[PDB]
């Protein structure tokens, strides 16, 4: 009888995900739904378990933070009462980010500032959005502006950024684009230690931690706050029959 929605994040300690969750919560409370959280840790098996538990407890709707391994078949019992965040699936409502647009905007900014030797610190191509799309957008920009690409794809963790930044720092390098704020935080620790002050850093996130600690890093906002509001509203709209599933892309903005 109580209206309940579930939010399935991949990581409870992810700042990027928490920023989207922060705007979902007031929108759900205003709609009369009490929100509950669950964590997947990128496991499709754990997601399949959560979904069954939620179904048997008659939960009204689900906001699922998508990742590689989620199949349409495991989302079958939730077609009309589920919204995917960060990934899309045919016949499902989704709220996605503009990864290519985020990288092109950042690369243009660095290029207009005079930077020609810009290195990249990213995540492996198995991670479709943060990894593949972001890295390929960097490559497409380098190709179009006859720049020499220098990249390393260690992964998501701050410590991975710290351990692999030296690999992409060359004598001619003046700027470093990090696929995530977390990676920029790790890379920044190494540069501070080695007393490298000459490098302009750039990252995707615009998280409050990044803004506070490194005001000098150029950041691009993927729109986590907006994504959260949209996902909550799309979910309530379809569970109340006011809307059919839509696929929304949040535009990236600079500063």
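Numbering follows the first chain given and starts at 1.
- Averaged over their C-alpha atoms, the temperature factors of 61 to 69 and 211 to 219 are higher for 211 to 219.
- Note on 224 to 232 vs 192 to 200: mean CA B-factor is higher in 192 to 200.
- Highest C-alpha temperature factor among 175, 83, 179, 96, as the PDB entry reports it: 175.
- Residue 7 sits in the lowest third of its chain by CA B factor, as recorded in the PDB entry.
- In the deposited entry, the Cα temperature factor of residue 152 places it in the middle third of its chain's modelled residues.
- When the CA B factors of the chain's modelled residues are split into thirds, the value for residue 139 lands in the highest one.
- Among all modelled residues in this chain, the alpha-carbon of residue 166 has a temperature factor (C-alpha) in the highest third.
- Looking at the C-alpha B-factors along this chain, the one for residue 110 belongs to the highest third.
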